[PDB]
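Architecture and fold: a report
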Amino acid sequence: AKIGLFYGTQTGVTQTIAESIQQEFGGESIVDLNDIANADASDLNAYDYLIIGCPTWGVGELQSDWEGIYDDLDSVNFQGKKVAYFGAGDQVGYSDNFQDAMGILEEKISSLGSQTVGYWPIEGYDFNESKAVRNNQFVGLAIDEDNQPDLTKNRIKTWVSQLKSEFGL
Ligand SMILES: Cc1cc2nc3c(=O)[nH]c(=O)nc-3n(C[C@H](O)[C@H](O)[C@H](O)COP(=O)(O)O)c2cc1C
């Protein structure tokens with residue numbers, strides 16, 4: 001497929017979101033779903049457009065599978081690639097570290113010459129601090145199944161619609 005979606009998940013929520021994103025884009029013919037747990041960093045080279053999904057765990061840390069491949073990101077040719085991000089988090093329980101993992105990945109990947117695409121507004125959330133916030137916006141789609149599960153479907157629908165422009169669709 002033209003778009004490669006790489007996600008990591010601990011309790012399965014992020015995988016469910018990844019599947020919904022794939023569906024909104026039009027299915028398997030448009031977006032490839034790849035669990036980062038089973039991927040080599042080089043797998044990310046095969047796509048010109050990437051979607052990176054990662055939930056935040058351990059109080060402001062990356063999900064373990066993303067943590068494992070983090071050091072190899074440096075060897076990937078990210079130059080000129082457009083990359084979008086999404087993450088699952090809990091704004092009530094972790095108000096000071098909401099969506100930090102998504103922020104950690106974007107900071108690293110954007111520093112390797114890629115172009116971040118898919119900024120999202122922070123106004124629909126209530127949190128104190130987040131490493132995923134840049135200039136009053138999230139670097140990607142923030143999903144909260146723990147406190148706002150009823151907003152998930154429309155958030156994905158809206159975000160994908162916005163992404164289609166950026167990915168030449
Ligand atoms: C022990 C624990 C730590 C967590 N830490 C964070 C955190 O630091 N920041 C955040 O935004 N959410 C945090 N969460 C919420 C999870 O990211 C959230 O439940 C998410 O849906 C899990 O996604 P997954 O099923 O794809 O692994 C944590 C949840 C638990 C139970």
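The rules behind each value
Residues numbered from 1 in each chain as written, not as in the entry; some residues may be left out. Heavy atoms only, no water. Helix = DSSP H or I, 4+ residues; strand = E, 2+ residues; numbered from the N terminus. Rg over C-alpha atoms; globule rule 2.2 N^0.38 Å. Buried < 20%, exposed > 50% of the residue type's maximum accessible area, 1.4 Å probe, protein only. Contact = heavy atoms within 4.5 Å. Areas by Shrake-Rupley, 256 points an atom, 1.4 Å probe, with all protein chains shown as cover. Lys, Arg positive; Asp, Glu negative; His and termini not counted. Charge placed at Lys NZ, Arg CZ, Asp CG, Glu CD. Pairing = 2+ DSSP bridges. UniProt positions renumbered as here; feature names shortened; annotations may be inferred. Near = heavy atom within 4 Å. Polar contact = N/O pair within 3.5 Å; in protein donor to acceptor, adjacent residues only side chain to side chain.

- Deposited coordinates in this entry are attributed by the record to X-ray crystallography, at a stated resolution of 1.85 Å.

1. Points about the overall build of the chain
- Of regular secondary structure, the chain possesses four helices and 11 strands.
- Computed over the C-alpha atoms, the radius of gyration of the chain is 14 Å, within 12% of the 15 Å expected from 2.2 N^0.38 for a compact globule of 169 residues.
- Here the C-alpha coordinates of the chain stretch approximately 40 × 30 × 30 Å along the principal axes.
- Residues counted as buried form 49% of the 169 residues belonging to the chain.
- The long-range fraction of contacts in the chain, counting pairs at least 24 apart against all pairs at least 6 apart in sequence, stands at 76%.
- About 7800 Å² of surface is accessible on the chain, with carbon and sulfur atoms providing 40% of the total.
- On the chain, the mean spot of the 10 positive side-chain charges and the mean spot of the 27 negative ones are 9 Å from each other.

2. Focus: the sheet that holds strand β9 (residues 133-134)
- Ordered in space as β8-β10-β9, the three strands form an open sheet in which the pairing is antiparallel. Only two strands of the sheet have a single neighbouring strand rather than two, namely β8 (120-121) and β9.
- Alignment of β8 against strand β10 (residues 137-138), held across two bridges, turns out to be antiparallel. Each bridged residue has a counterpart across the sheet, and for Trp120 the counterpart in β10 is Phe138.

3. Some words on the UniProt feature "domain: Flavodoxin-like" in the chain
- Those residues carrying the UniProt feature "domain: Flavodoxin-like" are residues 3-164 in this numbering.
- Annotation note: span residues 3-164, helix share 27%, strand share 23%, distance between end C-alpha atoms 11 Å.

4. Here we look at the environment of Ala88
- Looking at the secondary structure, you find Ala88 in strand β6 (residues 82-88).
- By relative accessible area, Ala88 is classed as buried at 10%.
- Residues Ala88 and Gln15 lie 73 residues apart in sequence; the distance between their C-alpha atoms is 9.9 Å.

5. Some words on the site of the ligand
- The local shell around the ligand holds 20 residues, among which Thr9, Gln10, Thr11, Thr14 and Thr56 are the closest.
- A distance of 2.9 Å separates an oxygen atom of the ligand from a polar side-chain atom of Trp57.
- One of the backbone nitrogen or oxygen atoms of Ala88 is found 3.4 Å away from an oxygen atom of the ligand.
- The protein chains hide 84% of the 650 Å² of surface that the ligand would expose on its own.
- Secondary structure elements with two or more residues in the shell around the ligand: α1 (13-25) and β4 (56-57).

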